[PDB]
Amino acid sequence: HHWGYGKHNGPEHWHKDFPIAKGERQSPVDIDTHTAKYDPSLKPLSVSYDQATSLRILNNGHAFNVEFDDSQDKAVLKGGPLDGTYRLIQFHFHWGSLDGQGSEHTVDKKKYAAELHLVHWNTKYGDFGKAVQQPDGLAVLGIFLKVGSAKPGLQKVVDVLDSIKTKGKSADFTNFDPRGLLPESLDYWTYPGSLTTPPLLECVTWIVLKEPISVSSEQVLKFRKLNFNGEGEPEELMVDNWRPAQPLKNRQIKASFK
Ligand SMILES: COc1ccc(C[C@H]2SC(=O)NC2=O)c(OC)c1
Ligand SMILES: [Zn+2]
């Protein structure tokens with residue numbers, strides 16, 4: 001599979017190798033704030049990242065992933081719409097060429113500069129590969145980025161990017177605290193969806209925070225210096241690595257807040 005984000009291999013082409021691209025619960029979606037309904041049944045959201053163990057940062061030619069040790073319940077997401085325990089395995093971002101685009105989810109059609117995805121898997125399925133074959137296998141916590149003041153908790157990530165410029169490069173990335181990427185409020189929207197890259201599996205409970213985080217123009221500029229290509233290949237800047245909004249179809253987006 002040679003999927004990407006260019007004219008010739010981008011989102012509009014994915015359906016040929018991955019027919020689920022036109023399925024019934026695809027992500028991302030536009031979040032219409034005037035349609036999403038407060039759900040009093042949602043339990044409190046619990047982000048328990050105190051024992052998180054980051055390992056490594058990898059440029060995979062699509063984004064960069066910060067990977068965690070998920071061999072035990074060290075960093076978990078629970079509560080909200082979720083039944084049981086979801087283990088943090090990695091986070092990554094999607095971003096734009098310009099500050100007015102980059103997010104995958106949109107809010108009343110507004111695009112943010114970027115979007116952070118913290119990917120977790122349901123521990124009742126034993127491993128990640130099994131979890132992605134289930135409708136309730138993953139929980140992705142999505143956080144919007146806007147350009148304003150610098151995010152201090154992001155700078156350790158920004159500073160390692162020079163060392164993973166091209167596809168297939170990785171670097172040791174220990175002792176990174178993902179709590180420094182969260183906004184103040186955990187108010188969220190939730191809906192059932194999919195992975196936003198191939199293989200596009202319909203296995204995700206999306207939890208999208210309402211409050212964006214602010215990052216500096218300098219921070220996001222350094223994201224944009226990454227490369228999609230491998231070392232020694234013609235430079236293709238890693239920008240606009242986002243899938244656009246997909247049809248909502250027969251789904252409701254629930255709000256955790258009034
Ligand atoms: C096979 O299971 C997976 C799971 C998650 C991703 C990451 C995707 S899903 C998302 O929300 N954003 C992304 O980039 C994946 O990518 C190959 C593959
Ligand atoms: Zn993502």
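For the numbers below, each heavy atom of this structure counts, side chains included, while hydrogens, waters and symmetry mates do not. Both counts, for ligands and for their atoms, begin at 1 and track the order of listing. Residue numbers start at 1 and run along the sequence shown.
Ordered by chain and number, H92 NE2, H94 NE2, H117 ND1 make up the set of protein N, O or S atoms under 2.8 Å of the Zn ion (ligand 2).
The part of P198 lying near ligand 1 is the backbone, judged by heavy-atom distances below 4.0 Å. Contacts of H62 with ligand 1, taken as heavy-atom pairs under 4.0 Å, are absent altogether. The proximity of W3 to ligand 1, defined as any non-hydrogen pair under 4.0 Å, does not occur for either the backbone or the side chain. Counting heavy atoms closer than 4.0 Å to ligand 1, residue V132 contributes side-chain atoms (C-beta onward) but none from N, CA, C or O.
Partners of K74 by salt bridge (charged side-chain N to carboxylate O under 4.0 Å, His left out), not counting sequence neighbours, listed by chain and number: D69.
In the model, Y125 has a side-chain atom that pairs as donor or acceptor with a side-chain atom of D136 under 3.5 Å.
Partner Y112 forms a side-chain contact (heavy atoms from CB on, under 4.5 Å) with one of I143, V147, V107 and no other, that one being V107.
Residue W206 has no N or O atom closer than 3.5 Å to an N or O atom of ligand 1. Taking only nitrogen or oxygen atoms, main chain and side chain alike, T197 reaches within less than 3.5 Å of ligand 1.
Using a 4.0 Å cut-off between a side-chain N of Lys or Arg and a carboxylate O of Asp or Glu, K249 and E24 qualify as a salt bridge.
By the 30° and 60° cut-offs, the orientation of the rings of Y191 relative to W206 is parallel.
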